[PDB]
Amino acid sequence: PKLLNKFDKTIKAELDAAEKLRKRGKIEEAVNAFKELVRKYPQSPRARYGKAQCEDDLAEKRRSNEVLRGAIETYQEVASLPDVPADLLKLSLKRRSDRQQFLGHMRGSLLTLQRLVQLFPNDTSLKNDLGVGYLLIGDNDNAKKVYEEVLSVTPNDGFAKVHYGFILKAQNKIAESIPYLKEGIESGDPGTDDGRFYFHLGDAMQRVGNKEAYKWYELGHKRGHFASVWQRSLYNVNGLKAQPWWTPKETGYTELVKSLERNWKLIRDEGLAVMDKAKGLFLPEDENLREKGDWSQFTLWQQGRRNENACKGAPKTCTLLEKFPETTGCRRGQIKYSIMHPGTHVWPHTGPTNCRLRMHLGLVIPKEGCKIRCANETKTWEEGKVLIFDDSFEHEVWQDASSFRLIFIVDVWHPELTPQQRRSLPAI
């Protein structure tokens, strides 16, 4: 671990001292020491790395994006400076990117991350990290290049494999992603044991018919990523009551269900009207959930925020729902019409979060053909009647009627969730 150019060995005694103050928690004192050792040796890398590290720690205790922001500069400044050992160079700059990501300036992170591949082109671990920078801003095709290059040279990088498998699954290369996900998981390299790759491998094997897919859901549970082999959401609050099927009473939203079940024809009529006259507002499902068929959706609220244009189109419905913040405010849920046509089979899948239940309201239900399965039980809609399930559980749908099928979906906060918890949780 090379951390002193020679000139930093010269002045080690003073450097040791400052860091002393910091490993004993006197982070204001420590920062100021390093500040004066840095004004006193403006070229000392370790002094500068000293200021930057205490600026980190201060920013953790102060829980302050600004303290942090100013340390990201100082980490940069260390690598701007001459005769910087390579260890301090990499660590300083890696620190910078991994923090920039924290604060969410990914554009920024990536540039530090590509600076870092230029500086060390023989580091597969740093390519790997850059590939991650690409995924976090959605740039899948560059992520795919990084990992293909890594794997060309270290073909067993456990970490490039789950990530490569992640990326091909995302492109619906379901057949090909499996061996990468599987191999990448068994590798045990550091980074493989994420529930994300567990979730996605078992899904891939399901969509190709592989019965082994539930041996891996038991596993991902038994490593502790999934609540259960049936319930594999990953954005959760540990605690919440977990059943696939609820009753209006069980949820304590008995009023919402009522304002829905008694005003169901209007809800329908407004969505039929949009179908007949504003069909553009209905949008194709774009999350790769369909084996086959047509399924479009007209969304009125998303992440607890209302869509004004959409609500010009079902306007009495948006007024009637504004009465209920348990759903209009679910920043982890949607409210939307969902029209599904014959020939349709929706792959088994899970939502992202346990933090929400999902109400369906029958609006136009054809008399045969429309199954939904959530775990062990199978159920059907009734017009003017509401169903409730925990979409964090595994659900699958078929539409094999002779005409279209329309329902209203209304997401509510998981009812055991307390007010401050609805204020805090990240929106999804």
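The first residue of the shown sequence is 1; numbering continues from there.
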Fill in: 284 to 292 versus 200 to 208 - which carries the larger mean C-alpha B factor in the record
200 to 208
Practice prompt. With reference to the PDB entry, specify whether the mean Cα temperature factor is higher for 399 to 407 or for 30 to 38.
Written response: 30 to 38
Worksheet item: When the CA B-factors of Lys241, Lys173, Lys265, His105 are compared as recorded in the entry, which is the largest?
Response: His105
Fill in: Residue selected from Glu322, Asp269, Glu308, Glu255 by maximal Cα B factor
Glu308
Discussion item. How does the C-alpha B factor of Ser392 compare with the rest of the chain: lowest, middle or highest third?
Written reply: middle
Worksheet item: Going by the entry, which third of its chain does the Cα temperature factor of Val150 land in?
Response: lowest
Worksheet, complete the sentence: Of the three thirds of Cα B-factor ranks in this chain, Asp87 occupies the middle
Item to complete: Determine, from the deposited record, the chain-internal third of the Cα B-factor for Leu111: lowest, middle or highest.
Response: highest
Worksheet item: If you rank the chain by CA B-factor, which third does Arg46 end up in: lowest, middle or highest?
Response: highest
